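J.: What would the 3D arrangement of this be:
(6 chains, ligands or ions: 13)
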Amino acid sequence: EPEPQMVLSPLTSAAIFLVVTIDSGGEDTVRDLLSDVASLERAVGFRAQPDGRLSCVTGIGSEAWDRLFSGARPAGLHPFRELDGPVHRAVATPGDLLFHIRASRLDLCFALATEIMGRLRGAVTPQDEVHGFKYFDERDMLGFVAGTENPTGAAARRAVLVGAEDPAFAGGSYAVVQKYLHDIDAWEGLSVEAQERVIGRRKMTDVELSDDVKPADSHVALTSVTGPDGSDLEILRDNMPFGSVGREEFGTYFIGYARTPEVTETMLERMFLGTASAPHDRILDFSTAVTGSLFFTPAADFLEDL
Amino acid sequence: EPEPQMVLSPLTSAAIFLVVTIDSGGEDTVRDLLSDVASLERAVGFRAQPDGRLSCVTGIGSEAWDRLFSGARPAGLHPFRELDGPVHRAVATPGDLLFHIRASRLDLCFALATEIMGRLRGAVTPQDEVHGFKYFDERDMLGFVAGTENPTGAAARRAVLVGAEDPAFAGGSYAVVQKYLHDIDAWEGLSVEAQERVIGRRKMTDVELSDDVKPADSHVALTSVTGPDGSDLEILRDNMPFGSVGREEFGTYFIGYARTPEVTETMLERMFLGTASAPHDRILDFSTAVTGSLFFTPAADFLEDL
Amino acid sequence: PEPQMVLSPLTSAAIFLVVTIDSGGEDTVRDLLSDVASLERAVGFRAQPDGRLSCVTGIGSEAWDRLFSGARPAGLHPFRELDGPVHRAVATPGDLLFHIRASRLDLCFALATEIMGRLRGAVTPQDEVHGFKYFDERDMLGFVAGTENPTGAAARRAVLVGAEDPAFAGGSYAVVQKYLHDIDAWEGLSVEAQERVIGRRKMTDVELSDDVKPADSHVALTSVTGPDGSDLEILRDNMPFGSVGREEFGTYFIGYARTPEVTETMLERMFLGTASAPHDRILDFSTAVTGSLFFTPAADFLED
Amino acid sequence: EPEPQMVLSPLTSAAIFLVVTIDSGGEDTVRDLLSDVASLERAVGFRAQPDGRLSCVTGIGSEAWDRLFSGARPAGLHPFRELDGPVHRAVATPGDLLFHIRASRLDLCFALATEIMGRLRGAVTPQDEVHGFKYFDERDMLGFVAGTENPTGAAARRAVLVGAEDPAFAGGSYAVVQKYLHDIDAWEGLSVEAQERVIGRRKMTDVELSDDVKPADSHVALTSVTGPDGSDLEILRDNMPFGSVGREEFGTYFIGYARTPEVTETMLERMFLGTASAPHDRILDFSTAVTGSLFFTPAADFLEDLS
Amino acid sequence: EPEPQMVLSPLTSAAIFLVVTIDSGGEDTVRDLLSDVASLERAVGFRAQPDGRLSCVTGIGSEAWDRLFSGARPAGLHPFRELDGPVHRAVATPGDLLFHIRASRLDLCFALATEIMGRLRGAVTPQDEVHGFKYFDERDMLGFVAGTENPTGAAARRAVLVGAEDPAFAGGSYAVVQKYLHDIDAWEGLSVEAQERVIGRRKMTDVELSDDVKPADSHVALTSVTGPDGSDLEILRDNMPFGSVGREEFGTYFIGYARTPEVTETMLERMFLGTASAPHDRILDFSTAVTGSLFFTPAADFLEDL
Amino acid sequence: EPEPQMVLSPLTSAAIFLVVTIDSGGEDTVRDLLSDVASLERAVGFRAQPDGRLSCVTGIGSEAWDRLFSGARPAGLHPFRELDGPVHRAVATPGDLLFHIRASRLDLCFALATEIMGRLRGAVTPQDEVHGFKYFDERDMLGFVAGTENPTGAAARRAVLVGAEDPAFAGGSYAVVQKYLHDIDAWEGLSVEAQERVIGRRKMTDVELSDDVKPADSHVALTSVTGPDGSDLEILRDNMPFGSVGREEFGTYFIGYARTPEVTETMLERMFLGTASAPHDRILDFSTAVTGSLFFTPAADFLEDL
Ligand code: HEM
Ligand code: HEM
Ligand code: HEM
Ligand code: HEM
Ligand SMILES: [Mg+2]
Ligand SMILES: [Mg+2]
Ligand SMILES: [Mg+2]
Ligand SMILES: [O]
Ligand SMILES: [O]
Ligand SMILES: [O]
Ligand SMILES: [O]
Ligand SMILES: [O]
Ligand SMILES: [O]
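T.: Numbers count the residues shown, from 1 in each chain, chains lettered A, B, ... in the order given. Ligands and ions are numbered 1, 2, ... in the order given. Below is the structure:
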């Protein structure tokens, strides 16, 4: 059986998201780090157990894949597709490696990020570094409970992990990242009732709006997708608030894991391009994407045997 | 008896330090915020009891004091004194207001900082914003336990709180801040034994080096000071690690509270200018001050009664 | 097939809600059943992961016929009243059971509020009990309660419907009885006399050896061996409850099993006695004031 | 410095409020129990240290005081004063003894309530019993954070504990209890902003409404009282949610401690009878008081030195 | 004004009791260690703040006091008084220094005991070392709750701390230690009701037996003492269970703190020699004392100034 | 189908290791206790759910197996093999039964140990009893993190549990125990860099030394073993510190679970007898084995069905 990376792990109160590009001739240094990254995770995390809950998920971009490895490519791997909607745009930004670092404490994230970047100095250029913090009541930067409808157990495994459709990369997953900045002044001008119509859930109680009152351009309505079979298409999201009060930056770092990028890309199409019944997702009237990248997160044993 | 701010409260795992200057015409907006800051601390923190441990200490600079208030000035309040040592410099940087925000979680610090800065928008200019995190084993950025010789109980109250020497300001304190960036590459080039001789304590066990072994130019030696009366002069320090792995920023945010700035200033003179037996504090060969500001943190009732 | 949380452990808080379905309330009920997993997530996610909020939903025999056409679960019937020589196990009305558990009563109450809010005008409440953990997993008699519950594979085998009734695999049967205790009479016994009623040591919870365990002890009468000589097991989530002012010191009994026959055999031995035992001596200190039987379907049965 | 009961202690996650009346001839049994109540609290609580946080505050009503004790009365002790407003009524209901029991767990509350009621069986009649629970982030059944502006440290000591004004009773306090039931159907028909105008604080973030927007008939406006010298008059509230989903009971158990009942009573007069600017507290349009009792909670040493 | 050691602090889940004798010529080494013990306590304890709750109380015996110090002695400091009852004996055993180490975790106790014994190697001989542990709900090896009637708050300060009756030694206290082994076989031969008549409290619920059923020879009856003026004479007990299952050793380590040894010794006389109404404390029919030592625990500042 | 004992369970903060020999005629009493040990575990542990995490793993020695049972032996069961190296010796010491008792608290361990030994009194003779405790951030007495490279999940199950190679004993495991005492004086004389060369990892950060600097006689180098097929051969180690400060006993209690003893024995051979490039494991220059025993820990249902 192939060992997945910790893609199925739950939300934690802290995260570091590190996106880098591989400099010309940095390939060899990168391959050596990838073969050690699970051992670095154990080195930093084991002594802080059991409360630490440290994990690192490592992702590799479409272009970087061709630079690093000969042989088969994962079937779903391609650069992030820019979406030019009538009003809102999903931008594509450079990204060769993702490190999705989670723990109960920011210091354990930082210590692992320090060892990884120590090994990669002179081989990579940092593109994005975000320090995420969840609110103590599981709320995001808009004041809503975040993660409620994430799949669990066998449903999560089936939605997130590559299987027989691409057997050489079984136990892998696809990660889409987008850094969003919010217009908090505009958001806080809405009544609570208006905010609930944007999201599609009650703010205090987190109960879903019933189908007769849920607007067709609510976040929950547009990111609800049924397959040909009639079955719900699901992703696993580990979204984190981040910000700087001095710079008035109040953000959500979106990360969504799926067995194929087509599920996440369908949701993004419905959000940015809309449908017959909805011009666009009302959350984008308060949220601007400033990054967008797609990564393949291989099985742990693929990184180890390299 | 006057009610002090939470200057005596213990170290926490998260902090936000905010330093701002007051723009032209900003004084009325600032006075309104000062009269409300304790009530905002309760609004953000109460619902997160008892695990939240949210506090805010508010400080006011020498020039800002004269802009905001008529009548008496605290006896020790003056702008930070630059020290131009033969090798190392303690710089002065602008700062009218300090908010020293502590909690068990960064998101609680961030929520109070958001409310404070929301009320000050258009009246202030941000000078500095640092998000602090302690390592899970009470270690600083240099790998040493930080806080060990802080005073506690009655000795802390005597060391930190203004009393009858300045009775109109009793229950106040003086805060000096300095942001330090470390040369971690040079520090990690030392053996553990050489680092212990820089600090003056054992790294793993935190046991102080004996007087026979402890170098005259160690941090513990130079920051150990006796008054004319033979008594130890003590300050309370809430130093926090901070940084950015992508930018290679690895820092210690120094904050020290004391009943009179003369004690903190004497320690800084010994570190930066040295003594007969030591050229300077050896910690400064690995640590560059990039900010320096002095604040008076009044009694809580002083701020309430505006 | 995915079961409801019938295999989940004891928690420190619980709400037990039993209602009857009023005439014409069927459609409101079916809509709520299709939504109960989503309500559970909605309330529970506000306290992940320590909250441990779950709701197990059960349906009575008469309600089943009012709600669904086609196949019945093989073991579903109304609770069988037992009229013993001394003690009686009463059958009381109940169409729906909500077995709500969490680490905190707030999560239980918030979920109960949303469920009952959705069913207002469609159901009549019959029983509501707010259970709480009592010291080191003790009951109102001062004994540790749950010790011999099966775990892991033995729990799955004992609790979940399998191939014997394949349309309903991953279901279970719940029996509930609210008991009120005579604490005055109980505290009149020596600790040694109480140990002989239960069949375990009071402070240390060690089982009495077979040579000393009375045949009419609770542990002896509820020990049943199946055709192959293996133990027939149930999973019990008993919770203390009460009201000091009204002198109500209670045990809310709930037992899950793959077939009701196992639980019913245990109840027959307790209430009717055997050749060796007049009745379960625990009943000399405990009166059953409710009795109901429910089928707790697979989670997938409810969503569909 | 005489030793107070645990009146200054913080909110906990569980509580039992027990109100009883003393039957004729029950006085000797009650005095005996009062002399033992601190020892019973230690007997239950000590084995759950350090996390248990079990405490019991024992209060005695005006008429019970006269039956139990032959000497001096606390200066402020009198029966609860019924308030007959143009719209709303604050009823006075019987209660001789209050047990305010708090812990981090209901089991410790229940076990201590069991031991106390076991000692008083046949001497007292139960009037009210409420099992309170913390609801999410210190919320009440109206969805608002409750307790935010409670005084702390020295301010709490000054606001709550009897001192030199009544020296024989120094370290005592005065507790007012009211059981409120809420009309949740009517409450949930308001917009969140209309709820915020009833309470005077933001619902989700618990920030006080600015003075320009805070209505005069908001809860926070009517329960804000200044003394003649301009300083705030404060009380310490340990309010707890309770209820029963089947019976549609969604309750707030109000308890307020103060150094003199005059402060709590001035707040109640403003709520129920209103001011020049406000007819009544808008919170009462959604809240009905069904009990009302006043108790003196003596210093701990006063109870210990009985017979 | 004088700062007591942590004699008033509550029970913890772990303790180490270390009793040593001072070798001939060990006096100087011992004096240097005593002046450093508070600094060693902070060095170990600070890196587990705030849940560690590490503390060390240092006690000095009567014969050791006269070897270490000159001038005035604490008024009540004498060797433990052997009690030769008709049936039961309280033995006196050697001991010059007591280290009473408590924390929430054994590791912090063990690390501090290691640093102390490292400084004293070749100057002292170990007489007794006991690792204590919390047993369920504050129970002892007899199955009863132990510590229930300890004084708290002001009553504890008044019972425990030397004051104006011996002003030079204000802030000190007197510790009596006795290691007890229990005859568990004999004890378990009693019914629970017989055990309750030995102790004087209910076993499961820890409710005191009423005055009309409490035997005169029960432990609670003989250890209840009133002064000539009617007030209760109280001690503070920090008893801890210990044992070794292989050796069939089930113990109680008794430690009682009091402002004068006369209170503790009056209790011991009643237990071992009895009263007019009681031959001896029935708890002694199931408990054997194998050590007995008395120590003065000076104010913290007395040790620091050496 | 067969239910293993709790061999795969994680490290806990407390342990008791009990090794006994079966006295002549004690066989019938032992068989009765083996059939009840799981019942005793529930009796003590249930009341402390869910935080207690009490488990007992019961092991039987080679000589004991033939005294207790008729019919098939586990294929790998033999007496511990004494290793007589040029410098260091791995002694074989008597042991018929192992009880490996773990929990989050020592009380639960002690209570279960008391019930087991109460049933075995007069049938067994105790050989060793060790009370283990967690030391800071999962450290051993040498000050290094211990457990870091233990296998987890599927890799742990594959490394530890007997499968189809010995189908009658599927779900069993083999436990090797060795009690080590450390020369802390000699160890603490080494610089941290020289200690790192003994172990093969960085002391404070627990990062593995790179292959270019790791000495061939380091602990990590000698306990790293590859099968003929190139895979890593793994064991599960649940090592616990123990000690007594007055007796200068600073111990590591070694316990290693494996699907076959040949893996553990290959590691011991390399440590004690060395390789072409290493005389012996340098850790043995600071560590003396004083016990050595091998046990088969059967499937839980094997014990239940006696
Ligand atoms: C500013 C960015 C975002 C914010 C603040 C945000 C917030 C939320 C919230 C509050 C919910 C409801 C509770 C939950 O189930 O987590 C939700 C649901 C969801 N979001 Fe987002 N979201 C954002 C971006 C995205 C993006 C970019 C996607 C997909 C590409 C996405 C996919 C989903 C999905 C699939 C659900 C679950 C819908 C359901 O089936 O109920 N979100 N989000
Ligand atoms: C530049 C970055 C700094 C770092 C990384 C640092 C770190 C440390 C460490 C590790 C200790 C030993 C443990 C303890 O906290 O007692 C210490 C002690 C101390 N530091 Fe700093 N420190 C810094 C700057 C300062 C400054 C600027 C001052 C004063 C103006 C200061 C004053 C002290 C004092 C008074 C002590 C206690 C010494 C004693 O009496 O034992 N430190 N510091
Ligand atoms: C007054 C109501 C009850 C009380 C207070 C009570 C209490 C207990 C206690 C203290 C135990 C021993 C520890 C353990 O849980 O294994 C026990 C065991 C048990 N009880 Fe009950 N019980 C009650 C009613 C029932 C009922 C109504 C049934 C069955 C229909 C039942 C079935 C069992 C079973 C099967 C065991 C396990 C026996 C074994 O195999 O060891 N109980 N109960
Ligand atoms: C249905 C009954 C009640 C409910 C739901 C309720 C709820 C609240 C809420 C939500 C607050 C705002 C947060 C805070 O606690 O500071 C508050 C404040 C307060 N309440 Fe109540 N309350 C009730 C009855 C009472 C009564 C009867 C009194 C006095 C007799 C009282 C006195 C106060 C006071 C003094 C404040 C603080 C006002 C300030 O200075 O800001 N409340 N209450
Ligand atoms: Mg009978
Ligand atoms: Mg206020
Ligand atoms: Mg014996
Ligand atoms: O999301
Ligand atoms: O510092
Ligand atoms: O049960
Ligand atoms: O309130
Ligand atoms: O004691
Ligand atoms: O190891």
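
J.: For chain F, what is the nearest residue in chain A?
T.: The minimum distance from chain A to chain F, using CB to the nearest CB, falls at residue A:47 (4.0 Å). No exception for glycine: its C-beta is placed from N, CA and C like everyone else's.

J.: show me what contacts that residue?
T.: Going by CB atoms under 8 Å, 6 or more residues apart in numbering or on different chains, residue A:47 touches F:137-139, F:145, F:148, F:206.

J.: Let's verify the residue nearest to it when sequence neighbours are not counted: helix, strand, or coil?
T.: Spatial nearest neighbour of residue A:47, chain neighbours left out: residue F:137 (4.0 Å); criterion: CB to CB, 6 or more residues apart in numbering or on different chains. Recorded secondary structure, residue F:137: coil (DSSP: H, G, I helix; E, B strand; the rest coil).

J.: For residue F:137, give me the backbone phi and psi.
T.: For residue F:137, the backbone dihedrals (degrees, to the nearest 10) come out as phi -80, psi 70.

J.: same deal with residue A:93?
T.: Main-chain torsions, residue A:93, degrees, to the nearest 10: phi -130, psi 150.

J.: quick one on the thing from earlier: out of the contacts of residue A:47, which is nearest to ligand 4?
T.: Nearest to ligand 4 among the contacts of residue A:47: residue F:137, at 41.4 Å, using CB to the nearest ligand atom.

J.: what about the closest one, distance to residue B:245?
T.: Separation of residue F:137 from residue B:245 (CB to CB, to the nearest Å): 22 Å.

J.: And residue A:13, by the same measure?
T.: Counting by CB to CB, the separation of residue A:13 from residue B:245 is 19 Å.

J.: for residue A:83, same thing?
T.: As for residue A:83, its distance to residue B:245 is 31 Å (criterion: CB to CB).

J.: Which one's more surrounded, the two?
T.: residue B:245 (25 against 18; other CB atoms under 10 Å in any protein chain shown).

J.: isn't that one right up against residue A:17?
T.: No. Using CB atoms under 8 Å, residue B:245 is not in contact with residue A:17, being 11.4 Å away.

J.: Check whether whichever residue of chain A sits closest to ligand 11 sits in a helix, strand or coil.
T.: Distances between chain A and ligand 11 by CB to the nearest ligand atom are smallest at residue A:204, namely 19.3 Å. Following three-state DSSP, residue A:204 is assigned to coil.

J.: Which element, helix or strand, includes the spatially most central residue of chain A?
T.: Nearest to the geometric centre of chain A sits residue A:255, at 1.2 Å (CA atoms, centre = their mean). In the assignment (DSSP states H and E), residue A:255 maps to strand A:249-258.

J.: Tell me how far that strand lies from the chain's centre.
T.: Centroid separation for strand A:249-258 versus its chain: 6 Å, with CA atoms, centre = their mean, to the nearest Å.

J.: what's it in contact with?
T.: Identification of contacts with strand A:249-258 by CB under 8 Å, 6+ apart yields A:7, A:15, A:17, A:100, A:130, A:132, A:140-142, A:159-160, A:173-182, A:184, A:234-243, A:264, A:267, A:287, A:297, B:114.

J.: Does ligand 1 have contacts with it?
T.: Yes. Remark: strand A:249-258 sits within contact range of ligand 1 at A:252, A:254, A:256, by CB under 6 Å from any ligand atom.

J.: and which of these is nearest to ligand 3?
T.: Comparing these against ligand 3 with CB to the nearest ligand atom places residue A:256 closest, at 45.3 Å.

J.: ok, now which ones touch the closest residue to residue A:300 other than its chain neighbours?
T.: Take residue A:300 and drop its neighbours on the chain: the residue closest to it by CB to CB, 6+ apart is residue A:3, 4.3 Å away. Residues near residue A:3 by CB under 8 Å, 6+ apart: A:171, A:299-301, F:153-155.

J.: could you measure the residue in the stretch 201-306 of chain A that ligand 2 sits nearest to against residue B:121, distance?
T.: For the stretch 201-306 of chain A, the residue closest to ligand 2 is residue A:246, as judged by CB to the nearest ligand atom, at 22.7 Å. Using CB to CB, one obtains 11 Å as the distance from residue A:246 to residue B:121.

J.: What of residue A:125?
T.: Between residue A:125 and residue B:121 the computed distance is 35 Å (CB to CB).

J.: Now, the contacts of residue A:3 that are in helices?
T.: Residues of the contacts of residue A:3 located in helices (DSSP state H): A:300-301, F:153-155.

J.: Count the residues that sit near the residue of chain A found nearest ligand 13.
T.: Across chain A, the shortest distance to ligand 13 (CB to the nearest ligand atom) belongs to residue A:46, at 12.8 Å. By other CB under 10 Å, 20 other residues sit near residue A:46.

J.: Phi and psi next, for it.
T.: When read as degrees, to the nearest 10, the backbone of residue A:46 gives phi -60, psi -50.

J.: List, one by one, the residues from the stretch 101-250 of chain A near chain F.
T.: residue A:115 (CB under 8 Å from any CB of the partner chain).

J.: The stretch 101-250 of chain A: helices as residue ranges?
T.: Taking DSSP state H, counting those that start in this stretch as the criterion, the stretch 101-250 of chain A contains helices spanning A:106-120, A:153-160, A:184-189, A:192-199, A:219-222.

J.: Do the last one and ligand 1 come into contact?
T.: I take that to be helix A:219-222. Yes. Counting by CB under 6 Å from any ligand atom, contacts between helix A:219-222 and ligand 1 involve A:219-220.

J.: Tell me the helices and strands packed up against that helix.
T.: helix A:192-199, helix A:261-272 (3 or more CB pairs under 8 Å, 6 or more residues apart in numbering or on different chains; DSSP states H and E).

J.: Of these, which stretch is the most buried?
T.: helix A:261-272 (a mean of 20; mean count of other CB atoms under 10 Å in any protein chain shown).

J.: could you check the angle helix A:153-160 makes with that one?
T.: For helix A:261-272 against helix A:153-160, the angle by axes from the mean of the first three to the mean of the last three CA atoms, to 10 degrees is 80 degrees.

J.: How far does the helix or strand just after helix A:261-272 sit from its chain's centre?
T.: Later in the chain than helix A:261-272, the nearest helix or strand by DSSP H and E is strand A:287-289. Put simply, strand A:287-289 sits 15 Å off its chain's centre (CA atoms, centre = their mean).

J.: same thing with stretch A:212-224?
T.: Offset of stretch A:212-224 from its chain centre (CA atoms, centre = their mean): 22 Å.

J.: Now do the buried residues in stretch A:64-80.
T.: Within stretch A:64-80, the residues that count as buried by 16 or more other CB atoms under 10 Å in any protein chain shown are A:64-65, A:68-69, A:74, A:76-78, A:80.

J.: Return the distance of that stretch from the chain's centre.
T.: Offset of stretch A:64-80 from its chain centre (CA atoms, centre = their mean): 19 Å.

J.: got a list of contacts for that stretch?
T.: Counting contacts by CB under 8 Å, 6+ apart, the residues outside stretch A:64-80 that touch it are A:22, A:27, A:30-31, A:34, A:60-63, A:90, A:92-93, A:95-97, A:162, A:165-166, A:168-169, A:172, A:174, A:176, A:260-262, A:292-294, A:296, A:298, A:306.

J.: ditto for stretch A:232-239
T.: By CB under 8 Å, 6+ apart, stretch A:232-239 touches A:7-8, A:11, A:15, A:100, A:102, A:140, A:146-147, A:150-151, A:155-156, A:159-160, A:224-227, A:252-258, A:263-264, A:266-267.

J.: Now list the buried members of the residues you listed.
T.: A:7-8, A:11, A:15, A:100, A:102, A:140, A:146-147, A:150-151, A:156, A:159-160, A:252-258, A:263-264, A:266-267.

J.: what number of residues lie near the nearest residue to residue A:159 once chain neighbours are set aside?
T.: Nearest-residue entry for residue A:159: residue A:234, 4.0 Å, with adjacent residues in sequence omitted and distances by CB to CB, 6+ apart. By the measure other CB under 10 Å, the count of residues near residue A:234 is 18.
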